[PDB]
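Below, chain A is the first sequence line, B the second, and so on; all start at residue 1.
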Amino acid sequence: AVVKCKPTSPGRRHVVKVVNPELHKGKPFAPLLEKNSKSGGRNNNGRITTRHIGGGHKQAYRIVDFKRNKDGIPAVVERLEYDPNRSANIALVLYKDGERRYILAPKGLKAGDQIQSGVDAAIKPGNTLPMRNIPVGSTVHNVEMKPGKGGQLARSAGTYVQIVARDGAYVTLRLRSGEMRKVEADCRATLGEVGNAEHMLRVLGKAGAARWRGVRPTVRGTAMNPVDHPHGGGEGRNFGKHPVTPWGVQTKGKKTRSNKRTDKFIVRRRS
Amino acid sequence: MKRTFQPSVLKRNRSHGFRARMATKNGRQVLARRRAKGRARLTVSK
Amino acid sequence: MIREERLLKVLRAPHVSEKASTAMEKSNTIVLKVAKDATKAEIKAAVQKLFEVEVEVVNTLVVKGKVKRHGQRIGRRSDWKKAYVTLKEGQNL
RNA sequence: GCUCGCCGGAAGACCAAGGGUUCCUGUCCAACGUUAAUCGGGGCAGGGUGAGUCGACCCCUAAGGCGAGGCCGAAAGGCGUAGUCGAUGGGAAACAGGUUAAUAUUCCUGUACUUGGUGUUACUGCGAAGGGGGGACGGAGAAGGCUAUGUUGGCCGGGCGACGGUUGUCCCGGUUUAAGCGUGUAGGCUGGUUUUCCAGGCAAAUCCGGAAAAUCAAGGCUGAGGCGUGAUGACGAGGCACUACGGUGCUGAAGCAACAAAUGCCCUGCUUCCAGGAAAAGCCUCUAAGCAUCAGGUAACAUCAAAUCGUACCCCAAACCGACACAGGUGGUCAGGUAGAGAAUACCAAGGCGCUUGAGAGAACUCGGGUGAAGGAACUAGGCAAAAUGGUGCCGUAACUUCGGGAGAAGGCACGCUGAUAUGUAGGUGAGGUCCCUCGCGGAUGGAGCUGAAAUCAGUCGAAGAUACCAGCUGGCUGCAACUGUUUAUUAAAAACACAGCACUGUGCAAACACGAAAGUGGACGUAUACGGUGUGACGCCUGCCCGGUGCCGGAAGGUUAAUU
RNA sequence: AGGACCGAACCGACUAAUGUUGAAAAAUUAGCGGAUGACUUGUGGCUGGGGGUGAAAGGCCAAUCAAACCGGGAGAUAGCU
Ligand SMILES: NC[C@@H]1CC[C@@H](N)[C@@H](O[C@H]2[C@H](O)[C@@H](O[C@H]3O[C@H](CO)[C@@H](O)[C@H](N)[C@H]3O)[C@H](N)C[C@@H]2N)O1
Ligand SMILES: NC[C@@H]1CC[C@@H](N)[C@@H](O[C@H]2[C@H](O)[C@@H](O[C@H]3O[C@H](CO)[C@@H](O)[C@H](N)[C@H]3O)[C@H](N)C[C@@H]2N)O1
Ligand SMILES: [Mg+2]
Ligand SMILES: [Mg+2]
Ligand SMILES: [Mg+2]
Ligand SMILES: [Mg+2]
Ligand SMILES: [Mg+2]
Ligand SMILES: [Mg+2]
Ligand SMILES: [Mg+2]
Ligand SMILES: [Mg+2]
Ligand SMILES: [Mg+2]
Ligand SMILES: [Mg+2]
Ligand SMILES: [Mg+2]
Ligand SMILES: [Mg+2]
Ligand SMILES: [Mg+2]
Ligand SMILES: [Mg+2]
Ligand SMILES: [Mg+2]
Ligand SMILES: [Mg+2]
Ligand SMILES: [Mg+2]
Ligand SMILES: [Mg+2]
Ligand SMILES: [Mg+2]
Ligand SMILES: [Mg+2]
Ligand SMILES: [Mg+2]
Ligand SMILES: [Mg+2]
Ligand SMILES: [Mg+2]
Ligand SMILES: [Mg+2]
Ligand SMILES: [Mg+2]
Ligand SMILES: [Mg+2]
Ligand SMILES: [Mg+2]
Ligand SMILES: [Mg+2]
Ligand SMILES: [Mg+2]
Ligand SMILES: [Mg+2]
Ligand SMILES: [Mg+2]
Ligand SMILES: [Mg+2]
Ligand SMILES: [Mg+2]
Ligand SMILES: [Mg+2]
Ligand SMILES: [Mg+2]
Ligand SMILES: [Mg+2]
Ligand SMILES: [Mg+2]
Ligand SMILES: [Mg+2]
Ligand SMILES: [Mg+2]
Ligand SMILES: [Mg+2]
Ligand SMILES: [Mg+2]
Ligand SMILES: [Mg+2]
Ligand SMILES: [Mg+2]
Ligand SMILES: [Mg+2]
Ligand SMILES: [Mg+2]
Ligand SMILES: [Mg+2]
Ligand SMILES: [Mg+2]
Ligand SMILES: [Mg+2]
Ligand SMILES: [Mg+2]
Ligand SMILES: [Mg+2]
Ligand SMILES: [Mg+2]
Ligand SMILES: [Mg+2]
Ligand SMILES: [Mg+2]
Ligand SMILES: [Mg+2]
Ligand SMILES: [Mg+2]
Ligand SMILES: [Mg+2]
Ligand SMILES: [Mg+2]
Ligand SMILES: [Mg+2]
Ligand SMILES: [Mg+2]
Ligand SMILES: [Mg+2]
Ligand SMILES: [Mg+2]
Ligand SMILES: [Mg+2]
Ligand SMILES: [Mg+2]
Ligand SMILES: [Mg+2]
Ligand SMILES: [Mg+2]
Ligand SMILES: [Mg+2]
Ligand SMILES: [Mg+2]
Ligand SMILES: [Mg+2]
Ligand SMILES: [Mg+2]
């Protein structure tokens, strides 16, 4: 549920938050936790390779099952949990053999719900099947790109993929971007959409909230000097240039995709 | 006011010590140059 | 067993001072200059064999050498090792 | 030596870092010390640093470093696997009293504790590089229970006052005691037990996880403090006695209670929130191979051992960083009394100092302050500076507003002391006694004693009672920027930058993009509700026309056009 | 609850005076801003010179910055003094 905050202070006036009373209030499941330290956008040369990364809250990593490989064995959703590593919520599920895992929580999943993966699984949200067994016209998420690799597409909060056609060994998928892509029919998918669809309705409200998430300030190129950015310079506010990146590449409309290896799988670009 | 030299023995040895100089071929050339000049003190080590 | 060559090397000199005299005449402790590499066990064994006295315990400290000036030239004296050797209350060394 | 003054959340005390003998004693005064110097952090000589328990070393890991092979690169090298290092973090154990000129949780006295090697005894399934548990973790808030500690009373010893009074409801001094061991309380968490079964835990497991029954209703864990013992001891005012007058010998009374009370402890707790909060070992446990009347394990006892290095001294500073005995800089610990909300401020305690040229004089002028007739911004670029305001409670408070604000708007009233209510109230705390009790660190009752605001009435002094220190000037119109933030270290703090929000655009994951001759790495252990770039810059009402030019995107017929042939 | 309010520690640096062969190669005094946060701070680590880092001032990178420092080419060149 989205709640607007009362304007008790200027940093609070514009805040809109997403409060979900159904998320676990305790600690995460420890055997499925790992460490992950922050990079600051720095690679192994120590150099910044992505700008505007740094700080923010310390976060533990939750091992999430994207493969969904325990087929034939039903699992019950123990609970829903907050995951700081992603926009979607996760679900702690317990298998009939005593194994516990984390999965992406699809829309409508609640504690006590039952899920299953495999060719034999029923066609209902949360179940994972090969798309060759999934009917054409279905809404799926956590979609594999290579058989056995694990879900890579439609993982963000509220996202989903539409199975549009099936021809031979390949399904055609409509992705959130609007792209039409070919994937092998033996690739697995999970039925339903990713939950937490109201994630995009939150308003941060203040600069500090973005700082909490590890985002550092963006300085406009025009605000710099010519030595620093192609947009820099000028007595007062001047632009008079075609907009480019800090490295000199046109940044309003110029296409940058060049992958002839995967061109053949695209039926239609997003436009 | 805070001046530039803030002494720390551990940092001094890790930056300029004998083993730091020997870890790289350029540091070994520093040691060779100082030996050829006849320095009484090769490094900050002692 | 520490060998007798080592034991004869370990002890260097008796230490003479007001504190040493007070230690001997109050707590039955002899103060000795010993080898820089001498351990407490070695000092105990050496004192026990060469002075024929039963030893209670050995305390040791390393004495850092002084920087001195000789003829307006700067030198340093050697570090040495001091041992407080407490005898067993009836020994009279 | 006596007096005076200054600091006292420090200008006291203890450290880390850094320094390295500056520490103590004797001796000297050339130079050094902004003067003299008999003095010194100066010269010279001698002395001084004592550890199973403090710290390091050591075991364990973070970031990160290095890195057998290896992958990559003209060479040099780059990256990285297995590993191995790397604390600022995790991992056993000692306290009190005494002592030196100078060390002390290290020496001595008393009383402890930990880990390991053996050996004797008793019992006995042990076994890891593997499994599980544990270690192991955020912010904010709230309160109870405590303690350190303080105050008063009681007690013991002493006093009867240089000037009116002072045998009393008077004055002064002391009124301390640890670790350990036993007990197990306030609080906090958790349902326990037995039986059978199993697609999970890289194999096994009796461990963990899962399932199903029966059974019992209290079982376990954790945990401040208190109490007892430690302690017939130690310490202890003073008293008696030496001095080579700097310090030391003997002896020793009381040593209690009530109240107040933390920012310390219970508490790595509890409540709540979102931004969702290390790792590994030690430790517990489970088995595998295997050992298998051996080894090994558990328990008890005796014995041995616990090495090595540091330990002086300064440490907000004359010893460190600043060329100086330099108004500078420097992380952690402790936190007395009166007033006070307070770690502010004033004055004091313990403790420490008067800042290494003095002595006069009492011109101009400079600096830092006090006061000022009448006027009151006339000054000036400008109210710059100064002056002024200033507390608590209560009454009261406009436009406008995004309904939160504006607001402490503005403005006004009360304020000391004494007595009464009430010889100390409301509240808080709570002894004996009394009864009961799943019997103790229990419950109920009862209020003694202690502490103790605030109000009203009556009075009373002064020019003045928030009397000192301390401690908002206020209102109106208008530009800019929404706002908190950031910035030209050292002439610019702003209207500049950022910002939440908006838009365009790229990007289908071996993503775009960035650092890399490369291998790789970041993006991201993310996946279009995501990520990068660009512009704009909360919010409200909005954002019109132009694609001719430059760019970008799409097209592919035609013309032209490279290597090649 | 809060990038909430007043206000010490702590962090900063808006005004004035002093000082300008300084007590000080950037401070002192009186006022001033933030003071639970986009806060501050200890220890250690990483990024290297056409490179880094930059809530962007050409700021900062050891009192040095529109291209650090050190050594070398090197006695660069200097129609200039
Ligand atoms: N400068 C003078 C010092 C300063 C420190 C201050 N605390 C007091 O100390 C004394 C202290 O008051 C004296 O307690 C007496 O008086 C108290 C009430 O006033 C009573 O509770 C107490 N029962 C009574 O015995 C004590 N005997 C000696 C202390 N030195 O006077
Ligand atoms: N709605 C009316 C609001 C009510 C609240 C009140 N505080 C004021 O707020 C305004 C505030 O006064 C304004 O500052 C002016 O006045 C100050 C003092 O004279 C000057 O220092 C300042 N240079 C000058 O600009 C400010 N520009 C904008 C604020 N909205 O007017
Ligand atoms: Mg960005
Ligand atoms: Mg931005
Ligand atoms: Mg932007
Ligand atoms: Mg930009
Ligand atoms: Mg830019
Ligand atoms: Mg600029
Ligand atoms: Mg350019
Ligand atoms: Mg212009
Ligand atoms: Mg222009
Ligand atoms: Mg001893
Ligand atoms: Mg020692
Ligand atoms: Mg005196
Ligand atoms: Mg000396
Ligand atoms: Mg001295
Ligand atoms: Mg002199
Ligand atoms: Mg003379
Ligand atoms: Mg001297
Ligand atoms: Mg090799
Ligand atoms: Mg390497
Ligand atoms: Mg490593
Ligand atoms: Mg290691
Ligand atoms: Mg450490
Ligand atoms: Mg001392
Ligand atoms: Mg108490
Ligand atoms: Mg000491
Ligand atoms: Mg001086
Ligand atoms: Mg000084
Ligand atoms: Mg400080
Ligand atoms: Mg003060
Ligand atoms: Mg005068
Ligand atoms: Mg004058
Ligand atoms: Mg004058
Ligand atoms: Mg004057
Ligand atoms: Mg005046
Ligand atoms: Mg006047
Ligand atoms: Mg007048
Ligand atoms: Mg007037
Ligand atoms: Mg005028
Ligand atoms: Mg006027
Ligand atoms: Mg005029
Ligand atoms: Mg003024
Ligand atoms: Mg004033
Ligand atoms: Mg105007
Ligand atoms: Mg602004
Ligand atoms: Mg605005
Ligand atoms: Mg505007
Ligand atoms: Mg501001
Ligand atoms: Mg400046
Ligand atoms: Mg300024
Ligand atoms: Mg975008
Ligand atoms: Mg990918
Ligand atoms: Mg990838
Ligand atoms: Mg890549
Ligand atoms: Mg983006
Ligand atoms: Mg960008
Ligand atoms: Mg703007
Ligand atoms: Mg703008
Ligand atoms: Mg923006
Ligand atoms: Mg053509
Ligand atoms: Mg605030
Ligand atoms: Mg600054
Ligand atoms: Mg100031
Ligand atoms: Mg403010
Ligand atoms: Mg404030
Ligand atoms: Mg400029
Ligand atoms: Mg500089
Ligand atoms: Mg250049
Ligand atoms: Mg040449
Ligand atoms: Mg020349």
Inset, instruction - Please assess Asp97(A) against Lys70(A) for the test salt bridge (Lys or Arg N to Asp or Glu O under 4.0 Å), listing each intermediate value before the final yes or no. - result: CA-CA 10 Å; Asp97(A) 62 23; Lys70(A) 287 187 82 69; 2.8 Å; yes

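By the salt bridge (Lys or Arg N to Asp or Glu O under 4.0 Å) test, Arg14(B) is found to be paired with no residue, residues two or more places apart in sequence or in another chain being considered. Evaluation of the salt bridge (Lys or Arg N to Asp or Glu O under 4.0 Å) rule for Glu81(A) yields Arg79(A) as partners, not counting sequence neighbours.
Residue pairs satisfying the side chain to side chain donor-acceptor pair (under 3.5 Å) criterion with at least one member in residues 1-23 of chain A, sequence neighbours excluded, are absent.
Distance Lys107(A) NZ to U529(D) P: 15 Å, rounded to the nearest Å. Atom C1' of nucleotide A140(D) and atom CZ of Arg12(A) are separated by 13 Å, given to the nearest angstrom. Here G133(D) presents its P atom at 12 Å from CG of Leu33(A), a figure rounded to the nearest Å.
Residue-level contact check: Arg77(C) touches the backbone only, with heavy atoms under 4.0 Å from sugar-phosphate atoms and none from bases. Contact annotation for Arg237(A): backbone-only contact, meaning every heavy-atom pair under 4.0 Å involves sugar-phosphate atoms and none involves a base. At a threshold of 4.0 angstrom between heavy atoms, the contacts of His24(A) include nucleobase atoms, whether or not backbone atoms are also involved. Residue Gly248(A) is classed as having no contact, given no heavy-atom separation below 4.0 Å to the nucleic acid.
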Between protein and nucleotides 189-191 of chain D, what N or O pairs are separated by less than 3.5 Å?
none

Pairs under 3.5 angstrom, nitrogen or oxygen only, protein versus nucleotides 323-331 of chain D, please.
from: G328(D); atom 1: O2'; to: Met1(B); atom 2: N; distance (Å): 2.7
from: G328(D); atom 1: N2; to: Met1(B); atom 2: O; distance (Å): 2.9
from: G328(D); atom 1: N3; to: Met1(B); atom 2: N; distance (Å): 3.3
from: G329(D); atom 1: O4'; to: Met1(B); atom 2: N; distance (Å): 3.2

Check nucleotides 269-274 of chain D for protein N or O atoms closer than 3.5 Å to its own N or O atoms and list the pairs.
from: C274(D); atom 1: OP1; to: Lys17(A); atom 2: NZ; distance (Å): 3.2

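When all heavy atoms are compared, the tightest approach of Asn36(A) to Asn85(A) is ND2-OD1, 3.7 Å.
No side-chain heavy atom of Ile63(A) sits under 4.5 Å from any side-chain heavy atom of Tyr102(A). Residues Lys82(C) and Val31(C) form a side-chain contact, since some pair of their non-hydrogen atoms from C-beta on lies under 4.5 Å apart.
A salt bridge links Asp37(C) to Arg6(C): one of the charged nitrogens lies within less than 4.0 Å of a carboxylate oxygen. Between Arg269(A) and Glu179(A), at least one side-chain N (NZ, or NE/NH1/NH2) sits under 4.0 Å from a carboxylate O, which counts as a salt bridge.
With hydrogens and angles ignored, a donor-acceptor pair under 3.5 angstrom links the side chain of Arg220(A) to the base of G537(D).
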Legend entry - Contact state string [nucleotides 540-546 of chain D, B base, S sugar-phosphate only, - no protein heavy atom under 4.0 Å]: -------

Legend entry - Under 4.0 Å protein heavy-atom contacts per nucleotide of nucleotides 18-33 of chain D, with B for base, S for backbone only and - for none: SS-S------------

Legend entry - Reading 5' to 3' through nucleotides 50-61 of chain D, protein heavy-atom contacts under 4.0 Å coded B for base, S for sugar-phosphate only, - for none: BS----------

Inset, instruction - Heavy atoms under 4.0 Å is the rule here; annotate nucleotides 500-526 of chain D 5' to 3' with B where the base is hit, S where only the sugar-phosphate is, and - elsewhere. - result: SS--BSSBBSB-SSBBS---BBBS-BS

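For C85(D) and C525(D), the P atoms lie 30 Å apart once the distance is rounded to whole Å. Taking atom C1' on both nucleotides, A381(D) is separated from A464(D) by 43 Å, rounded to a whole Å.
With a glycosidic angle more than 90° from 0, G73(E) adopts the anti conformation. Against the 90° criterion about 0, the sugar-base torsion of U488(D) places it in the syn range.
Near RNA chain E, meaning a heavy atom under 4.0 Å from it, residues 21-32 of chain B has no residue at all. Residues from residues 221-233 of chain A lying near RNA chain E, meaning a heavy-atom separation below 4.0 Å, are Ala223(A), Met224(A), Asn225(A), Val227(A), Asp228(A) in numerical order.
Taken together, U105(D) and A420(D) fail the test for a Watson-Crick or G-U wobble pair, since the two needed distances are not both under 3.5 Å.
Each of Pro74(A) and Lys6(A) was assigned the nucleotide of RNA chain D with the nearest heavy atom; the assignment lying further toward the 5' end belongs to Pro74(A). Where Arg216(A) and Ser9(A) each meet RNA chain E at their nearest nucleotide, the meeting point lying more 5' is that of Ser9(A).
Between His231(A) and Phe239(A), the two ring planes are perpendicular [angle over 60°; tilted spans 30° to 60°].
In the set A530(D), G210(D), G551(D), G210(D) carries the atom at the smallest distance from any side-chain atom of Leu94(A).
Neighbouring bases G67(D) and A68(D) form no stack, their six-membered rings failing the under 5.5 angstrom centre or under 30 degree plane limit.
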